[PDB]
Amino acid sequence: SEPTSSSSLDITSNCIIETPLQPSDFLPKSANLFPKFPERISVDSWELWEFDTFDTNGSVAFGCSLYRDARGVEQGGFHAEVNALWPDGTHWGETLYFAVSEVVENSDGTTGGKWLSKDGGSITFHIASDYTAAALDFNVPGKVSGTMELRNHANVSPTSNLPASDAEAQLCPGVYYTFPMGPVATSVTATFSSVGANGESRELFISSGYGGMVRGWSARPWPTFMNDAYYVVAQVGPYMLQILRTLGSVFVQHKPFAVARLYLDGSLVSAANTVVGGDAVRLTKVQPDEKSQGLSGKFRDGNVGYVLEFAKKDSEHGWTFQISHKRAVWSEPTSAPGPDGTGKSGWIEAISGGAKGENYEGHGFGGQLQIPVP
Amino acid sequence: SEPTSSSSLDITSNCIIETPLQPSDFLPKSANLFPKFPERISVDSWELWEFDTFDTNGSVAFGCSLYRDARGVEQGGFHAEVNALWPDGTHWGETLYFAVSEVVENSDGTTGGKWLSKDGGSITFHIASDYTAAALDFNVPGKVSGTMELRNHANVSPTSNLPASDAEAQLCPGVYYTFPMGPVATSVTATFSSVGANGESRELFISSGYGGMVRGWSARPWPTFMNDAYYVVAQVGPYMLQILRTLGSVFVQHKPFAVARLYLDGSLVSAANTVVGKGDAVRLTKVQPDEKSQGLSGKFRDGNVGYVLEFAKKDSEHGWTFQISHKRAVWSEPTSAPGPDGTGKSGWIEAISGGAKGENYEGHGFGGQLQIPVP
């Protein structure tokens, strides 16, 4: 229907200001999908709309992160991170840059997004007014074409679970990180122009595809509140989990932060916005001298997985998940090479566990990142 | 069964000289089991008689390395390094010290050895005249008692495969390292006084176990030719493999060396005393956890999760390749002060797969790796 609010940024026309901007206020019980920096972005602001999918077996993965941030604008435009993994292990990953990013909210309550390049190429999204469906269209000449869909089938609505306060929506003060669609079934039909050593591949996720959507924003740039991060969205038996876990740089006195959600067949059973010193999470790296199964990334972080624990606020009973890195996705440096070189690594994680007495098994799609900030 | 050669050293009564000693010459087509430094050792010299065992699935392991060198003078004994692993992951491991090491050759051509301490505890070995059987008796008070047996059953005799030249017996000039018994079936019956939490425990390998025997010696001290080493003996389907590979210290210009033997159905198909840049050659490549998902790392600065071991045939493109991944941690001891570059030694129960091109046999091995902080 007709757009009732509209934010349209264009790199050729004054889209970025070199001093800070306060975002529009957080809206309780809203997915906050409309841009929080709607007229221009600041020197350091970032906004994220992310949609990740992977097959029930972990054999195929397809992720799209859509950004508006100064780093992308410095690098050539409003940017998209697009990464795909095939059953044989071939990875396709590119950062794509777009001259225009437009997001509108329509009279019916839907949200539509458009990352648009001067040659006509585009990535668009459309999100249902109650956040239970989202559809992406890729039309990027000589890179990727196709569709992605995320659909929530829960009995409890996404709206019931939406953060009601800053605290529930925040990683830390002023940093908003949210999972408004909750558990979703996914499907993908895409074609890529050039994969491996030449030749187009076609990529398919039947709607059984697990995955998840992320909406985030901040005036504060990532290096000021973190130098190490882990993110995963996963399905383990009936459990649907999603978590971002940051370890602080010196600019936040090395404090760790987390946003995490645990669903049991579609119902929210744990919501944490705190790290074990709502609920709390503990996220412990696993090293190869401790556990034999799991890949390490190619940089100075040598972990082969993590142990993730959800601890109930008003109880003792909790859930524990063993995460092992099963397949490499993306691997890029974030510093000069060397013994202390940092980087980012995507993964198709093998995950097991649950409550005491449970041993479900499934897969996740995620990644870790370090940057060389002390 | 009457002794005809006898060497008996008491590390507590002045048998160490502080300048180099030349050993007795290498004997071709002999297992050279009698000590090569029979009357005295130097601060540099070392001799090794090693006997290791593990069960066919790799759930249990028991090894014993008997040394003559000067490292233990301050503890009053020659080293006996004894390590054990149970199916539940419990590990027992000690360097035991014995003031006296006595090795004899008998008139019947058998070799007897006795590591003996002042309190009467001992470890003894007895090796057949044709090297087809070895038996060890452990009687170490409050530590370990029992027996270990290694037997060769192959068609072609141990003697037929024994090095005929110094080159075939050598890791490198002056370093002798040999596997004279070849393929062996093993059995163990042992009791350990205190394991895990102050409790006694017994350990059994039955005549159907695997393992290997090592005979080695040198006037040259280890830092002068190596600062990294890997050793394994294993069974992989019909293949029986045994290898030591060293990575050189700066004193040999960081050159790698190896002694390696590969049997197939009990016949020697590859004998390598050289590393791919004589007989065959071997390549040994470390595997990192960013390359292969399965395999433990040790606890020190070497983070490898395994190795690729290639036997390359001289004439041809036909060779054998084995993927080694560290399956179970046995022993773990530092060889330097702790820190980010701290070194150590780690024992392993290896999972190994491979064979000829296209083959994917699976079996297990027993071995270990070591670094020392020598430039």
# chains A, B, ... in the order shown; residues from 1 in each chain; ligands from 1
call {"tool": "residues_around", "arguments": {"residues": "residue A:79", "least_positions_apart": "6", "cutoff": "7 Å", "atoms": "only C-alpha atoms", "output": "ChimeraX atom specification"}}
result
/A:66-68,72,95-98
call {"tool": "interface_residues", "arguments": {"of": "chain B", "to": "chain A", "cutoff": "6 Å", "atoms": "only C-alpha atoms", "output": "list in words"}}
result
residues 289, 290, 293, 294, 295, 296, 297, 298 and 299 of chain B
call {"tool": "write_last_selection", "arguments": {"atoms": "C-alpha atoms", "output": "short mmCIF file (atom, residue, chain, number, x, y, z; two decimals), in the first residue's frame"}}
result
data_model
loop_
_atom_site.label_atom_id
_atom_site.label_comp_id
_atom_site.auth_asym_id
_atom_site.auth_seq_id
_atom_site.Cartn_x
_atom_site.Cartn_y
_atom_site.Cartn_z
CA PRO B 289 42.78 -27.20 13.45
CA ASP B 290 41.85 -24.66 10.80
CA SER B 293 38.09 -30.69 12.24
CA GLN B 294 38.87 -33.93 14.09
CA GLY B 295 41.89 -34.20 16.37
CA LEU B 296 43.13 -32.83 19.70
CA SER B 297 45.95 -30.32 20.09
CA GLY B 298 48.61 -30.68 22.79
CA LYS B 299 48.91 -28.24 25.69
#
call {"tool": "residues_around", "arguments": {"residues": "residue A:220", "least_positions_apart": "6", "cutoff": "12 Å", "atoms": "only C-alpha atoms", "output": "mmCIF file with C-alpha atoms, in the first residue's frame"}}
result
data_model
loop_
_atom_site.group_PDB
_atom_site.id
_atom_site.type_symbol
_atom_site.label_atom_id
_atom_site.label_comp_id
_atom_site.auth_asym_id
_atom_site.auth_seq_id
_atom_site.Cartn_x
_atom_site.Cartn_y
_atom_site.Cartn_z
ATOM 1 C CA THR A 19 29.303 14.708 13.918
ATOM 2 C CA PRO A 20 27.097 12.470 16.071
ATOM 3 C CA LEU A 21 23.325 12.088 15.815
ATOM 4 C CA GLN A 22 20.926 10.750 18.372
ATOM 5 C CA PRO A 23 18.625 8.122 16.812
ATOM 6 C CA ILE A 41 23.587 8.881 8.984
ATOM 7 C CA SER A 42 26.237 10.150 11.325
ATOM 8 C CA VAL A 43 29.986 9.819 11.311
ATOM 9 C CA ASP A 44 29.640 6.643 13.369
ATOM 10 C CA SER A 45 26.007 5.453 13.261
ATOM 11 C CA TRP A 46 25.055 2.044 11.888
ATOM 12 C CA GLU A 47 21.770 0.284 11.161
ATOM 13 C CA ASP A 69 26.731 2.798 8.106
ATOM 14 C CA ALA A 70 29.558 5.250 7.604
ATOM 15 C CA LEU A 171 23.176 -5.099 24.051
ATOM 16 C CA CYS A 172 24.420 -2.154 26.129
ATOM 17 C CA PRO A 173 23.491 1.528 26.523
ATOM 18 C CA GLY A 174 22.595 3.000 23.147
ATOM 19 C CA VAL A 175 23.316 -0.259 21.270
ATOM 20 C CA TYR A 176 20.114 -1.908 20.099
ATOM 21 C CA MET A 226 33.647 -4.514 21.488
ATOM 22 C CA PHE A 251 36.627 1.841 25.705
ATOM 23 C CA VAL A 252 34.022 -0.056 27.759
#
call {"tool": "residues_around", "arguments": {"residues": "residue A:116", "least_positions_apart": "5", "cutoff": "9 Å", "atoms": "only C-alpha atoms", "output": "list in words"}}
result
residues 78, 97, 98, 99, 100, 101, 102, 121, 122, 123 and 124 of chain A
call {"tool": "write_last_selection", "arguments": {"atoms": "C-alpha atoms", "output": "PDB file, in the first residue's frame"}}
result
ATOM      1  CA  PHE A  78      25.215   1.455   1.523  1.00  0.00           C
ATOM      2  CA  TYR A  97      27.726  -1.495  -2.489  1.00  0.00           C
ATOM      3  CA  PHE A  98      24.618   0.464  -3.445  1.00  0.00           C
ATOM      4  CA  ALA A  99      24.213   4.156  -4.108  1.00  0.00           C
ATOM      5  CA  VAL A 100      20.705   4.417  -2.604  1.00  0.00           C
ATOM      6  CA  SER A 101      19.074   2.849   0.460  1.00  0.00           C
ATOM      7  CA  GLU A 102      15.353   3.464   0.867  1.00  0.00           C
ATOM      8  CA  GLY A 121      20.792  -3.762  -9.564  1.00  0.00           C
ATOM      9  CA  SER A 122      19.001  -4.123  -6.274  1.00  0.00           C
ATOM     10  CA  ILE A 123      18.250  -6.039  -3.126  1.00  0.00           C
ATOM     11  CA  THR A 124      14.812  -5.438  -1.629  1.00  0.00           C
TER      12      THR A 124
END
call {"tool": "select_by_dssp", "arguments": {"residues": "stretch 242-336 of chain A", "states": "strand (DSSP E or B)", "output": "number ranges by chain"}}
result
A: 242-247, 257-264, 267-275, 279-286, 293, 305-311, 318-333
call {"tool": "atom_distance", "arguments": {"atom1": "atom CA of residue B:54", "atom2": "atom CA of residue B:322"}}
result
18.9 Å
call {"tool": "residues_around", "arguments": {"residues": "stretch 223-225 of chain A", "least_positions_apart": "2", "cutoff": "10 Å", "atoms": "only C-alpha atoms", "output": "PyMOL selection string"}}
result
chain A and resi 171-173+175+220-221+227-228+246-257+370-374
call {"tool": "residues_around", "arguments": {"residues": "residue A:360", "least_positions_apart": "5", "cutoff": "9 Å", "atoms": "only C-alpha atoms", "output": "PyMOL selection string"}}
result
chain A and resi 236-239+351-354
call {"tool": "residues_around", "arguments": {"residues": "stretch 230-232 of chain A", "least_positions_apart": "4", "cutoff": "8 Å", "atoms": "only C-alpha atoms", "output": "JSON, numbers by chain"}}
result
{"A": [241, 242, 243, 244, 245, 246, 364, 365, 366, 367, 368, 369]}
call {"tool": "write_last_selection", "arguments": {"atoms": "N, CA and C atoms", "output": "mmCIF file, in the first residue's frame"}}
result
data_model
loop_
_atom_site.group_PDB
_atom_site.id
_atom_site.type_symbol
_atom_site.label_atom_id
_atom_site.label_comp_id
_atom_site.auth_asym_id
_atom_site.auth_seq_id
_atom_site.Cartn_x
_atom_site.Cartn_y
_atom_site.Cartn_z
ATOM 1 N N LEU A 241 17.432 -20.942 18.948
ATOM 2 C CA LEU A 241 18.222 -20.009 19.734
ATOM 3 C C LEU A 241 18.854 -18.968 18.820
ATOM 4 N N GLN A 242 19.106 -17.798 19.399
ATOM 5 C CA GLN A 242 19.726 -16.680 18.704
ATOM 6 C C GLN A 242 20.500 -15.880 19.748
ATOM 7 N N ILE A 243 21.740 -15.539 19.413
ATOM 8 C CA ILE A 243 22.593 -14.793 20.374
ATOM 9 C C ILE A 243 23.706 -14.008 19.683
ATOM 10 N N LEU A 244 23.908 -12.795 20.181
ATOM 11 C CA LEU A 244 25.102 -11.983 19.928
ATOM 12 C C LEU A 244 25.808 -11.879 21.287
ATOM 13 N N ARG A 245 27.119 -12.132 21.308
ATOM 14 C CA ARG A 245 27.930 -12.063 22.553
ATOM 15 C C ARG A 245 29.195 -11.254 22.253
ATOM 16 N N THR A 246 29.306 -10.054 22.831
ATOM 17 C CA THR A 246 30.470 -9.192 22.563
ATOM 18 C C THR A 246 31.371 -9.158 23.795
ATOM 19 N N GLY A 364 23.606 -24.612 13.404
ATOM 20 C CA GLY A 364 23.428 -23.178 13.404
ATOM 21 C C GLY A 364 24.254 -22.534 12.310
ATOM 22 N N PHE A 365 23.937 -21.266 12.056
ATOM 23 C CA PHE A 365 24.637 -20.431 11.093
ATOM 24 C C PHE A 365 25.097 -19.195 11.854
ATOM 25 N N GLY A 366 26.387 -18.922 11.838
ATOM 26 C CA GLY A 366 26.855 -17.785 12.587
ATOM 27 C C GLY A 366 28.258 -17.389 12.214
ATOM 28 N N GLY A 367 28.897 -16.647 13.112
ATOM 29 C CA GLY A 367 30.258 -16.235 12.837
ATOM 30 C C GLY A 367 30.851 -15.565 14.048
ATOM 31 N N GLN A 368 32.168 -15.461 14.020
ATOM 32 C CA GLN A 368 32.908 -14.738 15.037
ATOM 33 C C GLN A 368 33.798 -13.715 14.355
ATOM 34 N N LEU A 369 34.206 -12.726 15.139
ATOM 35 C CA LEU A 369 34.945 -11.590 14.630
ATOM 36 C C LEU A 369 35.787 -11.026 15.766
#
call {"tool": "select_by_dssp", "arguments": {"residues": "stretch 12-257 of chain B", "states": "helix (DSSP H, G or I)", "output": "PyMOL selection string"}}
result
chain B and resi 73-75+158-161+166-169+222-224+250-252
call {"tool": "atom_distance", "arguments": {"atom1": "atom CA of residue B:281", "atom2": "atom CA of residue B:186"}}
result
28.4 Å
call {"tool": "atom_distance", "arguments": {"atom1": "atom CA of residue B:353", "atom2": "atom CA of residue B:287"}}
result
14.0 Å
